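Okay, so we've got the same protein chain twice, two forms, each given alone as structure tokens, structure 1 and structure 2.
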Structure 1
């Protein structure tokens, strides 16, 4: 019965989340580019460590990004085998500590910036609220157990020891609970379109998991 630890977002991050979840910006599909870039960055970090110490890869030898539609749940999962995040990393990097990126980006938006520039401010993760109203971040770093960070775009998030999801081995899986009007991002054809348009230059395989009935 793992303790659910509740934490408060810094005010700036709560402010940014509210802006994104409510914005009517047109090009919502850039969320996927931002999340694939975060995955690629985490994969770059384990590759760097493994160049010196190859044993760091033994927890999951393959380096990949994997997109898993869960149609019945209205959930889109994005998994990577990058370096992952410890419990402390999840609490520190995903809410409690003000990122400079938040304020500068919000000022840029007020001045006319395109929401698509969010990654240039280091806060591209929060673009998921363009298409989702709830997210779980499941992560496993070689230095810690597997943990789940969870938020509903409010001012609070939780961190819980993971006793309910598939083991990642090493890496991170985002579970996006999609809005009711954004279910196109569960479709194979649409996902492929978005990946090919915005994520052509990625050094890791981008795998798409598709479920089909075996016909008679």
Structure 2
């Protein structure tokens, strides 16, 4: 019932201004990066299941699901991966991301493409290419379901989730797309991006199409 507010590190805040203001074309790579993150989180629960199969029981299916919400201008990406606890969310997965954000920005100056972002472990922030506002709903076996949210601007919130559909286990990103990026709500377009950049993913990718009004 309480919204906890936190401030991003200066380096994450710097990475976020760069991405929000980048003139970079090929902005579609955000979807590869989020699918790759979903795949990695799924690999983790697969791995844990080797020694503790019961950890899978909170959500027995291993999947990635993409759900355009045209009415809300929101693209959701959901996985049944291992999830994030409150502490993980509050810390924006620090250290794994802290160091990468600074390296990624140095790599850019030395000629790297923005498409290399994921090689620095911070591909998550590529969503700012196409969205200015994002919710991260997540459920880890060892914590409750939480919602992390940011409109950028150097701050984010983390709130216990009492309103959303239960994930069981895993994470759902909700991207509030920018007005010029609404093509990523279209079934045709999403299938192209997935086929071009994520053809070899080790998990079924489900796309939800909703009968239009």
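Residue numbers count along the first chain shown, from 1. Heads up, when I say rigid core I mean the largest set of C-alphas that superpose within 1.5 Å between the two forms.
Of the residues 96, 73, 120, 100, just one CA atom moves 2 angstroms or more between structures 1 and 2 under rigid-core superposition; it belongs to 96. In the rigid-core superposition between structures 1 and 2, residue position residue 62 carries a C-alpha shift of 0.2 Å.
Superposing the two forms on their core, we find that the Cα atom of residue 110 is displaced by 2.0 Å between structures 1 and 2.
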